[PDB]
């Protein structure tokens, strides 16, 4: 498996993602990032049922939560309804309990925006810091 298969993703900007200024409403970018992260994990081969609560086939609710503790974005060029965006993800293990993902959005080969999302692994019930789930660790390693 070539990592581009799960780190190079694509999406098309839809009409409801825009505001009356005629361009993407800013916070939608973060939704797109989160969804591309989920898509990446899926494409690498992880099962949603093992990572995300609310999943149909979980035998138990996943034990480790991955709350976002920081995120940011820079908006460089306007993004429009119907734009085909090329998304490149670059994950980084920060320590045994945390990781971040950088997201770069290109349209017609030019960078239109980029974002960074940082997660901490905690026990979902105690909220104490804990080790990253094994599947997330495999994905981080494979994506090096």
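Numbering follows the first chain given and starts at 1.
Comparing 24 to 32 with 42 to 50, the higher mean C-alpha B-factor in the PDB entry belongs to 42 to 50. Among the modelled residues of its chain, residue 88 has a C-alpha B-factor that falls in the middle third according to the deposited record. When the modelled residues of the chain are ordered by their C-alpha B factor, residue 107 lands in the highest third.
Per-chain ranking of the deposited C-alpha B factor places residue 80 in the middle third. Per the PDB record, residue ranking by Cα B-factor puts residue 100 in the lowest third of the chain.
Ranked by C-alpha B-factor against the other modelled residues of its chain, residue 19 falls in the middle third.
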